[PDB]
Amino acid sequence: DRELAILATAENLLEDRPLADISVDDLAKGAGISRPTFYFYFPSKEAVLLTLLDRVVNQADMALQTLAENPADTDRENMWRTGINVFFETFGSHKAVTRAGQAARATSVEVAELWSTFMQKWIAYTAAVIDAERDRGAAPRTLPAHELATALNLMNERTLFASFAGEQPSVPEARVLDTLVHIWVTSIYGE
């Protein structure tokens, strides 16, 4: 509807400017509506960002769910790679939303709780996979699985973000997936 035009306008404008440099008038103009009509679809520009981020986060979540139900016929290293690649490709395809969404964590309770809920879910799933690998004898019982899963997921969040943002320092985007896979596989399977 007009809602999709507002969202697409916001995502396009976030390529160039921070959210503080975008006005409600800018979003309405880009969507072909008046300022009061905008407020019928969203209560604020922050709510537009929250919706964009919610869509990106659930896109990753659903893709990870799909992988879980369709295990790829390949070795263990490639199975972890395909999982991390979900986050690499989903957030990497929406870099401006990812950037603005992490910035809004500091100021928005709703954004911070969205990130935290989905991080908790992904950590719990990671820990359950580690636990399953230990039970079948494929991985050694080293660190508590949930603590290991927490640090590896936090590593991914920080490292992918730095790569996408081109921060200094960062791992080049063309190298970050293999870097993370190496650290995940050695720390999960290494004695």
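The first residue of the sequence shown is number 1, and the count goes up from there.
With 3-11 and 181-189 compared on mean CA B-factor from the PDB entry, the stretch scoring higher is 3-11. Taking the mean C-alpha B-factor of each stretch as recorded, 13-21 and 169-177 are not equal, and the higher mean is that of 13-21. Set against one another, the Cα B-factors of 69, 147, 61, 157 in the record reach their highest point at 69. When the C-alpha B-factors of 50, 57, 127, 31 are ranked from the entry, the top spot goes to 31.
Per the PDB record, residue ranking by Cα B-factor puts residue 121 in the lowest third of the chain.
Among the modelled residues of its chain, residue 110 has a C-alpha B-factor that falls in the highest third according to the deposited record. Residue 93: CA B factor lies in the middle third for its chain, per the PDB record. When the modelled residues of the chain are ordered by C-alpha B-factor, residue 86 sits in the lowest third. Ranked by Cα temperature factor within the chain, residue 27 sits in the highest third according to the deposited record.
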